[PDB]
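A single chain, nothing else alongside it, follows as structure tokens in the form deposited in one PDB entry.
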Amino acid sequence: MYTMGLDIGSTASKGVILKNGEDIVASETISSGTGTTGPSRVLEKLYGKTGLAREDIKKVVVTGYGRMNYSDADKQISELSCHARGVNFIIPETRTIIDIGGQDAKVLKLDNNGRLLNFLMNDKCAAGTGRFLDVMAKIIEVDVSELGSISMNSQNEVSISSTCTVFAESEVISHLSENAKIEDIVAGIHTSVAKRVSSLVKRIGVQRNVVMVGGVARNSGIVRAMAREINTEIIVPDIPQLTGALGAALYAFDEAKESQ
């Protein structure tokens, strides 16, 4: 059988096609989010890779910030639930999940069943989110996808003193003007983000296993800096940005069984 999960965030749209409730036969990410052609183009592509059509999908569930402004799905489910489901499907004994997306950072604490025990989120400040990195990458004139590997070359990381995205940009521009090494600039950028998010994590208390998901988790530099700041191993799946859409597809699989 096939089920579908859609995760339409305010920054990107994520889709997964799941097989018999255990095999992803296609996944897709479009860097356009809620209220764009994001969802449309996502389906388009999944149908391509697998060669399937809407008829072939027994159940579809949508999650993320745009789930409600979207018809038609069978269920619309909280992205907190969907990320937890997807992560637990890949990584067992997960007790802390750190979701860093385009415009917010979330920390979930789970009980031994994968159910939510506690939760903290920054969604008011652009620092410590993907927007911080997106702004900086545009200032440094590289794609966000390169930052992880660029920072790997850093030998004398440049500190950013400002926690504010706006004041930090001014510091980075200044560093750029006096020819600080780009790799050292990026290293300090990664550290600013990790400092912000790790403070969130320390408030709820780290409990292993700690897993990072979200688009920003694709940035290996951020993951390293986070592991440094919280002083705990961090497990990252190979499909960090897609754990929400995976979770939604698994709730879809639940639904399909339910309609035996």
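All residue numbers are counted from 1 along the displayed sequence.
If you look for the form deposited in another entry, you will not find it shown, but the lines that follow are about it.
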Hinge between rigid units, forms compared between the shown form and the other one, options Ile90, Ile24, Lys59, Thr165, answer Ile90
Against the displayed form, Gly21 vs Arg95 by Cα, in that other deposited form, with 3 angstroms or more change: pair is closer
Assert for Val172-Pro240 (C-alpha, 3 Å or more) in that other deposited form vs reference form: pair farther
